[PDB]
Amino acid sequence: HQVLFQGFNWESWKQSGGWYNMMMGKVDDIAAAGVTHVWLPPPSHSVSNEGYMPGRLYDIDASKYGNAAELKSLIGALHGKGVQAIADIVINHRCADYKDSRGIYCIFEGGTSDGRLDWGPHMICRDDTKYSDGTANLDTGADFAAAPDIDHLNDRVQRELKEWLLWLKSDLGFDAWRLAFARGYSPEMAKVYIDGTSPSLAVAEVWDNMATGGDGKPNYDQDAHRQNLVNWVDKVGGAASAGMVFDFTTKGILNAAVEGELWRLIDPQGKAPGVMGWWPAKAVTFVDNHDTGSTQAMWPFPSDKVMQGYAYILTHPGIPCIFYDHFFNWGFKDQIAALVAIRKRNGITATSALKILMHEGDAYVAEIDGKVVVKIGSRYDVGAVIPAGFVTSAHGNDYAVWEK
């Protein structure tokens, strides 16, 4: 059994009294709903309030979300209910606290009294010219324009970041990683950090553009998009690695699918069209996150159909990740918990077998492990396609589930 939960949104840092402190009162509800792993925000000092512009990596006390003691308490509480904690790891780039003689911010401070992570421009990818001194290796991946990109090919950088990661586990209690902007460095480099730290899982955020047609809708065939994600997993070690990826292919397709185009939910081979259909054990599915939804709203799930998104990911193969707001602020808490219970009691996992029964514009009906049937769509009657022996168990707006 495995269900992730994003425990923060874009506005979390503003929480009165601290976000971690507030989360202490949500631990029990989250654990009772069947969640096994909670993804927490970048924990270090950051030039930006949300944490995505890390500076002094060891300075947990300077975070806007809360300090080391508060974080350690929240992780301790989570563990007490058998729930793991995933840390958001932002290592593609990093901000330097001080300026050098050139007047450029490229002299770093790790947050401790000794020299750990107290880097200089020699650790900045030489091709990031706005900040480098031209002496480092070239960037192994994409560049982040708003800050110095780190040279992961540097021996000292690799050694110190691994040491830092191991510390997040031993000192704070973290169990796994969420690799932020993973396309910023090569999978070969991600492999160094993953294999060197033994996380329970390392879910990478590889967000690439989804090919569309003349009408602006994503093309039905998204094989190139999911191939890019599967290629990343193969390069980090495949089945022998703790690495996996967020299923953005399923996210982009489902966004379009629920608008009366449910025929998009099956490929020509009869499989799910996202990463879920090719390598389910390595696919972390989701309806929205702090970027796509929340207050950034870069690619929001159709608001009136959010529960169809959950009826889909919670009953299907792949590893589902519930978004904070949807669980607590949308009036869906009971419905979401009911779906997770169905997944759990029926022994459904990331590798459960999927057999799609109907995939028409206004009706998608599928059977999982021969134990659960799920339907989403505006068409009311799908009675004729429900196998003998099944009876409704959970239902709501344009969705229903049957069990044997």
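Residue positions are given as counts along the sequence shown, with the first one as 1.
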(message) Per the record, averaged over C-alpha atoms, which has the higher B-factor: 112-120 or 199-207?
(response) 112-120
(message) Averaging CA B factors per stretch from the PDB record, which one is higher: 297-305 or 277-285?
(response) 297-305
(request) Sort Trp263, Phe174, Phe332, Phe246 by C-alpha B-factor from the entry and give me just the highest. (result) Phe332
(request) Go through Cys106, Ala87, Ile322, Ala239 one by one and give the residue whose Cα B-factor in the PDB entry is largest. (result) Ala239
(request) Relative to the other modelled residues of the same chain, rank the CA B-factor of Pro317 and answer lowest, middle or highest third. (result) lowest
(message) Using the temperature factors of the C-alpha atoms in this entry, rank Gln15 within its chain: lowest, middle or highest third.
(response) highest
(request) Please rank the C-alpha B-factors of the chain's modelled residues and tell me whether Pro42 sits in the lowest, middle or highest third. (result) lowest
(request) Name the third of the chain's ranked CA B-factors that contains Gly55, choosing lowest, middle or highest. (result) lowest
(request) Within this chain's modelled residues, let me know which third the CA B factor of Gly184 belongs to: lowest, middle or highest. (result) middle
